[PDB]
Structure formats: C-alpha cells, structure tokens
Amino acid sequence: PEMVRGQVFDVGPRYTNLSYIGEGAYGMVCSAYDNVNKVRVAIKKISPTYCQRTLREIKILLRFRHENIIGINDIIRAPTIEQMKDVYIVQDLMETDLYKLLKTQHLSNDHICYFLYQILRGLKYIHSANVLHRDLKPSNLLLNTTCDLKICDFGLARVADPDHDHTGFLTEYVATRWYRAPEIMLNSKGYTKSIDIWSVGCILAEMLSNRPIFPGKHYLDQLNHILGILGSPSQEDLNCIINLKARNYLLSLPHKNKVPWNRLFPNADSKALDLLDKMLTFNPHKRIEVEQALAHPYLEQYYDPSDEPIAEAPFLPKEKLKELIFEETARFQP
Ligand SMILES: *CCC(=O)Nc1nc2c(s1)COCC2
Ligand SMILES: *CCC(=O)Nc1nc2c(s1)COCC2
C-alpha cells in the first residue's frame with residue numbers, strides 16, 4: 001500500500017501517482033491518476049467511531065446529481081465491516097476554491113456574475129430537495145480551470161423544517177460565524193431556506209471587495225457587524241421578533257444608520273447591489289428566495305429556468321453509524 005508524507009494513503013491499484021494537496025475538514029487529500037478514466041482525480045481520506053457528518057454527506061452527495069454540486073465518483077473501503085477502517089472518497093479534481101481565489105485574485109464583474117449564477121443554480125437544486133446546506137462560504141465553492149463552480153461540504157446540511165425554526169436568544173450555532181444570518185443570534189435554529197440566501201449574500205459582498213463583509217470575532221459581535229451596515233431594524237421587523245430577550249436586546253442598542261451599498265462597494269455593478277440588498281435583508285420573511293434571485297436583472301444573461309434543474313423528489317450508536325456507512329458505500333464494490 002502506497003505512502004504519502006509519513007501517512008498511509010491506500011487507494012488500491014486503480015489510483016496511482018499520488019500528490020499531496022492538503023488537509024480538508026476530514027483528513028488528508030491527494031490527487032491521483034485514475035488508471036480507468038485516464039484523468040487526475042482528487043481523493044479524500046476519512047479516518048475514524050466515525051462522524052455523523054461523514055454519513056450525512058455521503059447520503060446527500062450520492063442522492064444528488066447536479067452540475068453545480070460536487071459528486072462522488074468512487075468510494076474505496078475494505079470489503080467487510082470488521083476490516084473497514086479508513087474510507088476514501090474519489091471526486092473530480094478541482095483547480096481551486098473561492099476562499100483561495102479571493103485571497104489573491106480580483107474578480108471581473110463577469111466572473112462575479114457567473115459565479116453567483118452557478119451558486120444560485122446549485123442552491124435551487126438543493127432547496128428543491130427540501131435540503132439546507134447551512135455552511136455556504138467561499139471555501140465550500142470549488143472551481144475548475146474554466147471557472148465551472150461546484151458546491152461542497154454537506155456536513156452541516158439538514159432537511160428544512162420551518163415549523164420548528166424558533167428558539168431562544170443566544171442559542172449556540174455550529175455553522176461558520178461570518179456567514180450566519182442575523183436571526184441565528186436572535187430566534188432561529190437555521191431550519192429555513194432563508195438561512196442559505198443570507199450566506200450567498202455574504203459571498204456576493206466578499207466577491208465584490210475580496211474581504212468578508214461581516215467578520216465578527218465572536219457570537220454577538222457578528223450581529224453588531226450586520227447592524228453596523230444594515231442599520232437598526234425597523235419597528236415592523238423588530239415586532240416580528242416575538243421573543244422578549246431577543247427583542248429587548250435589539251431595543252437596547254443605540255440607533256445605527258444604514259451604510260449605503262454603493263459607498264461600501266463603489267466599483268460594483270448597480271444591479272449586483274440591488275440583488276445584494278435583497279439577499280442581505282434583516283427580516284428572513286422579506287429575504288429574496290433562490291428562484292427570485294435567479295430571475296433578478298443582474299443574472300439576465302444566464303437565467304434560464306428550463307436549464308436550472310430541480311430534484312426528482314424531496315430528501316444512533318457508533319456501531320449503527322459504522323454499519324450505515326458500510327451500507328451506503330456498498331455500490332462502489334465490484
Ligand atoms: C468542500 C471543500 C472541499 O472539498 N474542497 C476541495 N478542494 C479541492 C478539492 S475538494 C479537490 O480538487 C482540489 C481542490
Ligand atoms: C412579522 C413577520 C413577517 O415579517 N412576515 C412576513 N410575511 C411575509 C412577508 S414579511 C413578505 O412576503 C410575504 C409574506
């Protein structure tokens with residue numbers, strides 16, 4: 001079995017000529033030559049007690065089939081549960097991600113427009129399956145050499161459950177802080193589609209300036225960053241927050257005026273800013289939906305609902321989780 005950087009990376013004979021890429025949220029990732037398809041591919045090593053997030057991501061990615069969502073090409077593991085330790089996930093090799101790209105590259109308006117279109121196209125499919133991604137951010141958006149975009153990391157995804165979204169003030173949240181909608185800090189468990197639209201809005205703003213729009217240092221600092229740009233919520237939007245502790249927190253804050261988008265983003269396309277304003281709406285009920293965003297004038301060059309597919313239908317102890325991973329990966333065995 002082959003070795004990479006003082007670590008076992010055992011991908012059968014099918015995958016050779018391993019080259020270390022880096023470390024992802026799961027473990028070691030390499031490129032390798034697929035001797036069947038005659039192309040370089042990416043392979044992620046998953047090592048265990050396994051994570052719930054691994055099972056969730058495998059189930060989702062195997063069910064989904066969309067141009068703007070990363071697929072699983074192959075899964076490598078031992079033939080029995082007793083022998084199953086590591087699991088290797090094989091996927092298309094991508095050139096980069098939008099986190100790395102924004103660290104070093106200015107995007108043209110054309111690239112911003114095209115990336116936003118593809119994010120929203122993928123997200124339409126995800127939401128059409130009644131799934132929420134819940135951790136959209138630049139590092140979860142992959143690009144190939146021709147700027148085709150694919151969404152990854154479904155580890156925090158959940159089935160949408162708007163009837164059970166309400167929670168108390170300051171409820172702990174798992175997803176990446178800078179991309180969290182304001183309602184997460186106030187009264188929301190992140191079980192509605194509007195949670196993802198907020199993240200997309202944050203990503204758009206970050207594409208416009210190469211800097212995160214709301215870089216909060218801690219949980220409640222994230223809300224002051226948001227309010228520092230959007231300004232204080234209106235009486236009507238505050239009245240929508242029925243929880244008293246959340247309401248009264250907002251009432252306790254000094255009045256903050258709105259920072260106009262054209263002042264934050266003086267070189268931005270005006271239609272991009274109109275769409276940004278609609279995605280970064282404080283009140284999640286007033287926030288634009290994925291299909292509306294696709295139909296916005298900014299994306300007129302790309303919008304084509306007949307070419308924006310939707311999903312065919314809507315979507316434990318450690319021993320049971322290991323067993324379900326084994327069962328879920330069975331289709332890749334000969
Ligand atoms: C969702 C994060 C993720 O899986 N990132 C990846 N980045 C690359 C991958 S997967 C494969 O191609 C190299 C870059
Ligand atoms: C107070 C809660 C709230 O703002 N509800 C809303 N419901 C709708 C809105 S705002 C706008 O779109 C129609 C439904």
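Residues numbered from 1 in each chain as written, not as in the entry; some residues may be left out. Chains lettered and ligands numbered in written order. Heavy atoms only, no water.

Its PDB header names X-ray crystallography as the technique used to obtain the model and reports a resolution of 1.6000 Å.

A. Spatial organisation of the domain arrangement of the protein chain. For the protein chain, the assigned domains read domain 1 (1–93 + 317–334) and domain 2 (94–316). Contact with domain 1, which involves 22 residues of that partner, is made by 25 residues of domain 2. Summed over both sides, the interface of domain 1 with domain 2 buries roughly 2,200 Å², with 59% coming from carbon and sulfur. Looking only at domain 1, the three residues that lose the most surface to domain 2 are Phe64, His66 and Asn68, adding up to 28% of its buried area. (Domains from an automatic or database assignment. Contact = heavy atoms within 4.5 Å. Buried area = accessible area lost by both parts, 1.4 Å probe.)

B. Looking closely at the pairing of strand 3 (residues 39–46). Of all 8 residues that make up strand 3, 6 are buried, and the element is covered over most of its length. Examined bridge by bridge, strand 2 (residues 28–34) and strand 3 share 6 bridges and lie antiparallel to one another. Within the sheet, the bridge partner assigned to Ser31 lies in strand 3 and is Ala42. As consecutive antiparallel partners, strand 2 and strand 3 are separated by 4 residues, and within that stretch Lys38 has a phi angle of approximately 60 degrees, a positive value. As paired strands, strand 3 and strand 5 (residues 87–92) are joined by 6 bridges and run antiparallel to one another. By the bridge assignment for strand 5, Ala42 is matched with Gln91. (Buried < 20%, exposed > 50% of the residue type's maximum accessible area, 1.4 Å probe, protein only. Helix = DSSP H or I, 4+ residues; strand = E, 2+ residues; numbered from the N terminus. Pairing = 2+ DSSP bridges.)

C. View of the packing of helix 1 (residues 52–63) against helix 11 (residues 318–328). Relative orientation of the contacting elements helix 1 and helix 11 amounts to 25 degrees, with a least axis distance of 10 Å. It follows that helix 1 is roughly parallel to helix 11 by the angle criterion. As helix 1 packs across helix 11, the resulting crossing turns out to be left-handed. Only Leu321, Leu324, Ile325 and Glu328 of helix 11 make contact with helix 1, whose side of the interface consists of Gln52, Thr54, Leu55, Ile58, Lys59 and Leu62. For the contact of helix 1 with helix 11, the class distribution of residues is 6 nonpolar, 2 polar and 2 charged. (Axes fitted to C-alpha atoms, helices over the stretch in contact; angles between N-to-C directions. Parallel < 35°, antiparallel > 145°, perpendicular 65-115°, else oblique. Left-handed = near helix turned anticlockwise from the far one by under 90°. Nonpolar A, V, L, I, M, F, W, Y, C, P; charged D, E, K, R; others polar.)

D. Summary view of the sheet that holds strand 6 (residues 96–97). Here we have 3 strands laid out as an open sheet, ordered 6-8-9, and antiparallel in their pairing. Strands at the two margins of the open sheet, each flanked by one partner only, are strand 6 and strand 9 (149–151). As judged from the 2 bridges shared by strand 6 and strand 8 (residues 141–143), these two strands associate in the antiparallel manner. Within the sheet, the bridge partner assigned to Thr96 lies in strand 8 and is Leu143.

E. Seen up close, the UniProt feature "active site" in the protein chain. Mapped onto this structure's residue numbering, the UniProt feature "active site" falls at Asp135. Among residues more than four places away in sequence, those in contact with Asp135 are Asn140, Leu156, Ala175 and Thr176. (UniProt positions renumbered as here; feature names shortened; annotations may be inferred.)

F. Quick look at the site of ligand 2. The local shell around ligand 2 consists of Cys240, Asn283, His285 and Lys286. One of the side-chain nitrogen or oxygen atoms of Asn283 is found 2.9 Å away from an oxygen atom of ligand 2. For ligand 2, the protein covers 42% of the area, taking 370 Å² as the surface of the free molecule. (Near = heavy atom within 4 Å. Polar contact = N/O pair within 3.5 Å; in protein donor to acceptor, adjacent residues only side chain to side chain. Areas by Shrake-Rupley, 256 points an atom, 1.4 Å probe, with all protein chains shown as cover.)

G. Highlighting the UniProt feature "binding site: ATP" in the protein chain. The UniProt record annotates "binding site: ATP" at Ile21, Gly22, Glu23, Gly24, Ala25, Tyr26, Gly27, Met28, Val29 and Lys44. The greatest C-alpha distance among the residues just named is 13.3 Å, despite their covering 24 residues of sequence, which places them together in space. If you trace the backbone, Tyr26 turns up in the loop between strand 1 (15–23) and strand 2. Relative accessible area serves as the criterion here: at 27%, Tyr26 is assigned to the partly exposed category. Among all residues touching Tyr26, those that are not within four sequence positions of it are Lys45, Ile46, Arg53, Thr54, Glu57, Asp153 and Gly155. With respect to the helices and strands, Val29 occurs in strand 2. When sequence neighbours within four positions are dropped, the list of residues in contact with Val29 reads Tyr20, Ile21, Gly22, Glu23, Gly24, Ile43 and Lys44.

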